[PDB]
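A single chain comes next, written as structure tokens; it is the form deposited without the DNA.
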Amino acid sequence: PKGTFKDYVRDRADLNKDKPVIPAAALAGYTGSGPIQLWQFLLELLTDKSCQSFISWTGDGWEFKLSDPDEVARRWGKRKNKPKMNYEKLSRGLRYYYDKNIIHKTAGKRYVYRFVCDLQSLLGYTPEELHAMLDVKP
């Protein structure tokens, strides 16, 4: 392409990309879920500094917000090779996690959710630790 592959990688690194704390494929392998799942993908985006403009931790425990839900849906589609992925499907996926108690929606607010499963024990990180590593303001 333009410059060398080395340039490409350096440019991505400079933009804080390709180094999520919790890579979805890695978490899928660890949990043995086979295919990558939406909740694991959201976790990767939330621990990827380059993604903070469209999805981020609110600073309240495991609560997060979708600043650009369409972008989130777009990336999800690309990751699962489903070009037809959209916000309608993304929201349906999120509602599915309600009864599964993986993700709950924050009442009286919009596009704000919270992981309600025990991620601290599963992941080995506290909300504080993760927020420091990602330099989250709140």
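Note that residue numbering follows the sequence shown and begins at 1. Under this definition, the rigid core comprises the largest set of C-alpha atoms superposing within 1.5 Å between the forms.
Although it is not shown, the form solved in complex with the DNA is what the next lines describe.
J.: Residues in which of 49-57, 62-70, 23-31, 36-44 have heavy atoms within 4.5 Å of the DNA in the bound PDB entry?
T.: Of the options given, it is 36-44.
J.: Against the DNA in the bound PDB entry, would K105 count as a contact residue? Criterion: heavy atoms within 4.5 Å.
T.: Yes, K105 is a contact residue.
J.: Is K89 near the DNA? Define near as a heavy atom within 4.5 Å, in the bound PDB entry.
T.: Yes, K89 lies within 4.5 Å of the DNA in the bound PDB entry.
J.: For the heavy atom contacts within 4.5 Å of the DNA in the bound PDB entry, list the residues of 86-122 involved, in sequence order.
T.: Contacting residues: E88, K89, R92, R95, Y96, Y97, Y98, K105, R110.
J.: Superposing on the rigid core, do we see a C-alpha displacement of 2 Å or more at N16 between the shown form and the other one?
T.: After core superposition, the C-alpha of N16 moves 2 Å or more between the shown form and the other one.
J.: Closer or farther: how do the CA atoms of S67 and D18 lie in the bound PDB entry, compared with the form shown, if the change is at least 3 Å?
T.: Farther apart in the bound PDB entry, by 3 Å or more.
J.: Compared with this form, is the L46-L15 Cα separation smaller or larger in the bound PDB entry, the difference being 3 Å or more?
T.: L46 and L15 sit farther apart in the bound PDB entry.
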